[PDB]
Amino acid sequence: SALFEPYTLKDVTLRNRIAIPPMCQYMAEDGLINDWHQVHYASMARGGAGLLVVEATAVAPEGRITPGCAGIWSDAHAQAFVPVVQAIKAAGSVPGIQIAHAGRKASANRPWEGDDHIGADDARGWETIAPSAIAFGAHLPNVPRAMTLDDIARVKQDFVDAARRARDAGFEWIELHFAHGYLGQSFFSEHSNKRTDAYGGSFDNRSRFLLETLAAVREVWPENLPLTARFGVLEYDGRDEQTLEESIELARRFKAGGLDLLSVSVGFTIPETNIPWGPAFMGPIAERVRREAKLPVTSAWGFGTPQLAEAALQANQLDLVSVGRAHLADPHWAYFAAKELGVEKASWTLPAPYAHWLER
């Protein structure tokens, strides 16, 4: 089974090709994770996945999506991740973390508490920042403040500090969150970036924030640990061919800048889109990015059955299959996939106190 072959990138070896992608839990308080996260992450790591990327973790307080989002904007915030790192490693999985800034989608309610922008009367909210003073729309109507040059320098340094803290906390894999309509994605997209300075307009200028942030993080992130990013390569906004071509060129510049793997996603920059949701629907797009930019990739959004994950690897569409919601349903999903694909000694995907009895 291709799904259960190990994968080596820089000095890190994953025991299989199953990655748990970042999934916000909305259970932190003042950015600090707690017993929710400790058990959540440890249980999934014991389930057998080879890589576990911790949820979007804000580089600055205003970069959280919600009041429940994790943060890493202080050393004390970073130290709270140490037992999560330890538990993931103890289970034989590789600990990664996604560092993030929500941009104009920030200051929102938890998804089961309205999922919309916090009203201006509500003291839980905060002012959001973005390349330009333009609202997402729909359920996110708040207009962000357009960033100053000093804001751009500060946020870049916040990403550096977050990567420094993630390194010192023992993470072995980092993912810059440049996707899903948050700050980095919104610098790249012409929908959201109307700047007239060095950070908007041309392709070079719209790329600048992402390339400079990658370069700044590269200075503090160890050479021997994978440096990755998530990036929305099309929007399904009727501009897909032109957008994909530009996104793939940016991926080439990421590779020149030391990026080791690209998590290929959808932009979600604006609500006026027509996304063709379906099983493994990102497969062909990830394959094109992988082949044309000559960069290893992962993707998600419907690969969460064992046969779909296996097929995507054999078709050379992905190097790692990211399986999200199936791991919320069943934290031992990797063991379920091993059984379904007929792996030999499939129960030993799990630690001995489970594996011994499930082999029978």
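Residue positions are given as counts along the sequence shown, with the first one as 1.
- Between 283 to 291 and 113 to 121, the higher mean Cα B-factor belongs to 113 to 121.
- Between 272 to 280 and 254 to 262, it is 272 to 280 that carries the larger average Cα temperature factor according to the deposited entry.
- Comparing the C-alpha B-factors of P95, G71, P222, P131 in the entry, the top value falls on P222.
- Comparing the C-alpha B-factors of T305, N34, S43, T57 in the entry, the top value falls on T305.
- Sort the modelled residues of the chain by CA B factor and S299 lands in the lowest third.
- Annotation for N316: CA B-factor lies in the highest third of the chain's modelled residues.
- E246: CA B factor in the highest third of modelled residues in this chain (values from the PDB entry).
- Annotation for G200: CA B-factor lies in the middle third of the chain's modelled residues.
- Split the chain's modelled residues into thirds by C-alpha temperature factor. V155 is in the middle one.
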